[PDB]
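We begin with a single chain expressed as structure tokens, specifically the form deposited without 2-[(1~{S})-1-azanylpropyl]phenol (SYG).
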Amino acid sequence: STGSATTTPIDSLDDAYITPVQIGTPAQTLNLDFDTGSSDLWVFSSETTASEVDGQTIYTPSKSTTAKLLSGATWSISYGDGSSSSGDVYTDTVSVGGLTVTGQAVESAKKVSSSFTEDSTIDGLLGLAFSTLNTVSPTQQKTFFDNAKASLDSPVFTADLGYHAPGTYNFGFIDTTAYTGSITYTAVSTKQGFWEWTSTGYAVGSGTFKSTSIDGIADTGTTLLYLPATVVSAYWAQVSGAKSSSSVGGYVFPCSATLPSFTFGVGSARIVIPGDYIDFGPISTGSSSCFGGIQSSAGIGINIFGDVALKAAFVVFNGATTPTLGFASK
């Protein structure tokens, strides 16, 4: 089997992408944030504290004839950005782009943190990291991809995120028309539960490529590109007036600047992020100071190849017995 679904930016900055997901019988369609950095499929629901729902579409398990409460199961998650959510668990039928999993764990939120409430466009998350990170207790549950893998034509999914435009998540096949050149595959470590890999280096604008190993994760659920402080300083040094602002929380730059591109290495291949992809707009409405899309990972503990990087590539998440990642230009 295969599936194919369009993913759409939630706003004019590409802060996140939402993909429609059918849950239950009859289908309840929710718009979920596909997140290769986490492993829970959780949704706003009829069980979510009413004051914490503000415009999201909810899953109502009592209206699904295929929903079954997973007795005794709870979940609770905290993401790298400080947000969190928790609740109980149903199993139900879940379909993405024509690909159907029966008995998928659907984690129903009883509580969500304020950042989720305040984002009316995201009805939940669909985790695509390794199932070892799933938070359901006392019996850990499998991700949608893990449940679908054996049925897929090939045990892969691909992320093709758009810049200021819709893109595509495909399951079970490589669309060879969706990229240019070849796909360069690179080794993955699953030891932390992530799609963790090692970039071979970077270049800033038209500058020389610096060969250096940068371990990080491919994370569709993180907006920005978080890299070591040395790399980030080298990038923003090429932007007149850019500086790290402790009060804002990262590098800012004059909105009048033209940003240079940033290249990262995948083996001997190179992915070029256009400068415009690094502009995240005014720090507050009407400001002439803009927030940068490349930020230091120094305070995180891990480098993160988030949407800023991934949207410049066609990315293959190869879930074979030994997983690998593939990157192509597009």
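We number the residues from 1 along the sequence you see.
The form deposited with 2-[(1~{S})-1-azanylpropyl]phenol (SYG) bound exists for this protein as well; it is not shown, and the discussion that follows is about that form.
- Contact between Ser115 and 2-[(1~{S})-1-azanylpropyl]phenol (SYG) in the entry with it bound is found at the 4.5 Å heavy atom cutoff.
- Proximity of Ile122 to 2-[(1~{S})-1-azanylpropyl]phenol (SYG) in the entry with it bound falls within the 4.5 Å heavy atom cutoff.
- Mapping the unseen interface onto this chain, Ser154 falls outside it, with no heavy atom inside 4.5 Å of 2-[(1~{S})-1-azanylpropyl]phenol (SYG) in the entry with it bound.
- Residue contact with 2-[(1~{S})-1-azanylpropyl]phenol (SYG) in the entry with it bound: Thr139 places no heavy atom within 4.5 Å of it.
- In the entry with it bound, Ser83 is the single residue of 83 to 106 with at least one heavy atom within 4.5 Å of 2-[(1~{S})-1-azanylpropyl]phenol (SYG).
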